[PDB]
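Notes follow the structure.
Counting begins at 1 with the first residue of the sequence. Quick note: numbers below take in every heavy atom, side chains included, and nothing from hydrogens, waters or symmetry partners. Atoms within each ligand, like the ligands themselves, are counted from 1 in listed order.
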Amino acid sequence: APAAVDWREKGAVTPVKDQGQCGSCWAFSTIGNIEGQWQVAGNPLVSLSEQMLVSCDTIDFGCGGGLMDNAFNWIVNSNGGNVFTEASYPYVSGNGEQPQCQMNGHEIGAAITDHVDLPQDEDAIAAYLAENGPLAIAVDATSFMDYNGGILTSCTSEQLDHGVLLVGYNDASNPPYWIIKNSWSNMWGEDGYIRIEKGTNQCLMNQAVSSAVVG
Ligand SMILES: *[C@H](CS(=O)(=O)c1ccccc1)[C@H](CCc1ccccc1)NC(=O)[C@H](Cc1ccccc1)NC(=O)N1CCOCC1
C-alpha cells in the first residue's frame, strides 16, 4: 500500500451531495462507491441516482434507513445490475418527500455484477482502497454531529448508524488519517468531508466495509 491515496485527485469522486431531511445515507454510500468503481473500470465519471434506491429498493426503507449490503443486493437481483444516472432520476427526497418508484426509460449510467465484503482490518482496507477505489463504509456518526474540522482521534465508537464513502488516506501525518465523503452537503465539515485517525478503528470504520464489483 502507498503512504497516501486520494481518489478525488484521481478522478473517481463526484461532488459532495446532500441527503437533506431523509435518512438515506445508506443510498449515498452505495452510489458513491458505484460511481468510483465505474470510473476506475475505465468509464467517464458520472453522478448516479440515490433517488433510485430511496424510492425503488424494496429491501431498504427509503428515508427510514437501510444497509449498503441490501442496496447492492437489490441492484443486482432486482434491477438487473443497473444504476440510473442522477440526471435521469434526480434527488427529490431532501425535504422528506417520498414519491413512488418511477422506473421507466431511465438512462443507465452504470452496471454492477456483485459486491464484496472487506475484512475488519485497517491495513487490508487501505491496500484494497489504494488498488481499487472508494469503498462503502459504515460508522458510528455520533461524533460527526459536532464535527467542525481537523482529524478526529477520540471518535465515539459504539454502534454503526451511518453509511459514508471512504475516498483516501494519508499516513504522512501526525496522526495518519482516513478521508471520508459525507452526504450532508459541501457546507459540513471540510468541504463535505471528514478526516478521522487511521489505525485505531475510529468510529467503528473497519466494521462494515464493502464494494460493488463492475464486470
Ligand atoms: C443515515 C445516517 S444519518 O446521517 O441520517 C444519521 C441520522 C441520525 C443519527 C446519525 C446519523 C440513516 C439514518 C436513519 C434514520 C432515519 C430516520 C431518523 C433517524 C435515523 N442510517 C441508516 O440508514 C443506517 C445505516 C447503516 C449502514 C450500515 C451499517 C449500519 C447502519 N441503517 C439503518 O438505520 N438501518 C438498517 C438496518 O435496518 C434498520 C435500520
Side-chain angles (χ1 to χ4, degrees), residues 14-37 48-78 91-99 101 112 114-122 125 128-129 134-149 152 154-167 178-196 201-212:
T14 66
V16 173
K17 306 185 185 181
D18 188 2
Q19 72 189 62
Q21 294 309 303
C22 176
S24 52
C25 56
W26 59 272
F28 288 83
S29 177
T30 304
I31 291 295
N33 164 256
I34 299 171
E35 285 170 348
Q37 296 299 294
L48 300 171
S49 178
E50 290 82 8
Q51 194 67 54
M52 174 197 70
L53 291 173
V54 171
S55 298
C56 306
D57 164 1
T58 52
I59 308 176
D60 296 301
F61 311 114
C63 295
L67 298 172
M68 297 77 82
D69 186 68
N70 292 337
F72 291 128
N73 277 330
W74 180 84
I75 290 166
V76 172
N77 296 323
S78 295
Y91 191 74
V92 296
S93 289
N95 298 320
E97 293 303 312
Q98 295 187 81
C101 185
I112 65 166
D114 201 356
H115 68 288
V116 293
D117 289 294
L118 280 75
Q120 304 182 150
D121 192 304
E122 286 184 85
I125 292 158
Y128 191 98
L129 174 70
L135 303 177
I137 74 170
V139 297
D140 186 332
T142 299
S143 300
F144 284 40
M145 299 303 170
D146 296 286
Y147 180 65
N148 322 133
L152 301 192
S154 195
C155 190
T156 297
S157 306
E158 291 172 355
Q159 170 61 51
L160 298 174
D161 67 1
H162 184 26
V164 292
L165 185 70
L166 187 64
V167 301
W178 295 113
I179 306 167
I180 292 165
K181 189 187 191 190
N182 202 1
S183 53
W184 297 355
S185 89
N186 65 45
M187 304 296 284
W188 177 84
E190 293 180 338
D191 300 306
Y193 292 78
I194 177 168
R195 292 178 291 160
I196 70 181
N201 200 21
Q202 288 294 289
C203 322
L204 301 178
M205 67 77 60
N206 76 10
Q207 288 198 340
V209 180
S210 66
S211 186

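Counting only distance, with no hydrogens or angles, the side chain of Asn201 and the backbone of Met205 share a donor-acceptor pair below 3.5 Å. Side-chain atoms of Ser29 never come within 3.5 Å of backbone atoms of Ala27 as a donor-acceptor pair (strictly under, hydrogens ignored). At distances below 3.5 Å, not a single donor-acceptor pair connects side-chain atoms of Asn186 with backbone N or O atoms of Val16.
Residue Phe61 places a heavy atom under 4.0 Å from ligand 1. Close to ligand 1: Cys63, with a non-hydrogen atom less than 4.0 angstrom away. Distances shorter than 4.0 angstrom occur between a heavy atom of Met145 and an atom of ligand 1.
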- [ ] Report the C-alpha distance between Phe72 and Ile34 in whole Å, list the side-chain angles of each, state the deciding distance to 0.1 Å, and finish with yes or no for side chain to side chain contact (heavy atoms under 4.5 Å, CB included).
- [x] CA-CA 9 Å; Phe72 291 128; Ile34 299 171; 4.0 Å; yes

- [ ] With salt bridge (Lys or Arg N to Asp or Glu O under 4.0 Å) as the test, would you mind laying out the steps for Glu35 and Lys17 before giving the verdict?
- [x] CA-CA 13 Å; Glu35 285 170 348; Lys17 306 185 185 181; 2.8 Å; yes

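A pairwise comparison of heavy atoms in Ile196 and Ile180 identifies CD1-CD1, 3.6 Å as the closest pair.
Heavy-atom contacts of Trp26 reach the following atoms of ligand 1: 23 (O) (cutoff under 4.0 Å). The atoms of ligand 1 that sit less than 4.0 Å from any heavy atom of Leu67 are 27 (C), 28 (C), 29 (C), 30 (C), 36 (C), 37 (C).
Only side-chain heavy atoms of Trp184 come within less than 4.0 Å of ligand 1; its backbone N, CA, C and O stay farther off. Under 4.0 Å from ligand 1, not a single heavy atom of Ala208 appears.
Distance from atom 32 (N) of ligand 1 to its nearest protein heavy atom, with residue and atom name: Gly66 O, 2.9 Å. The protein heavy atom nearest to atom 3 (S) of ligand 1 is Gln19 NE2, 3.8 Å. The nearest heavy-atom contact from the protein to atom 12 (C) of ligand 1 is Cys25 SG, 2.7 Å.
At least one side-chain heavy atom of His162 sits less than 4.5 Å from a side-chain heavy atom of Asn182.
Of the protein's heavy atoms, none falls inside 4.0 Å of atom 20 (C) of ligand 1. For atom 37 (C) of ligand 1, the nearest protein heavy atom is under 4.0 Å away.
An N or O contact shorter than 3.5 Å is missing between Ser24 and ligand 1 by distance. Between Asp161 and ligand 1, a contact under 3.5 Å exists for at least one N or O pair.
When the heavy atoms of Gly23, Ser183, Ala138, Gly65 are ranked by distance to atom 29 (C) of ligand 1, first place goes to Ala138.
The aromatic rings of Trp188 and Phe144 lie parallel to each other, their planes meeting at an angle below 30°, with 60° marking the opposite boundary.
Residues that satisfy the side chain to side chain donor-acceptor pair (under 3.5 Å) test with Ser24, not counting sequence neighbours, are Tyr91.
When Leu129, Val167, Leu152 are each tested for a side chain to side chain contact (heavy atoms under 4.5 Å, CB included) with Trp178, only one passes: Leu129.
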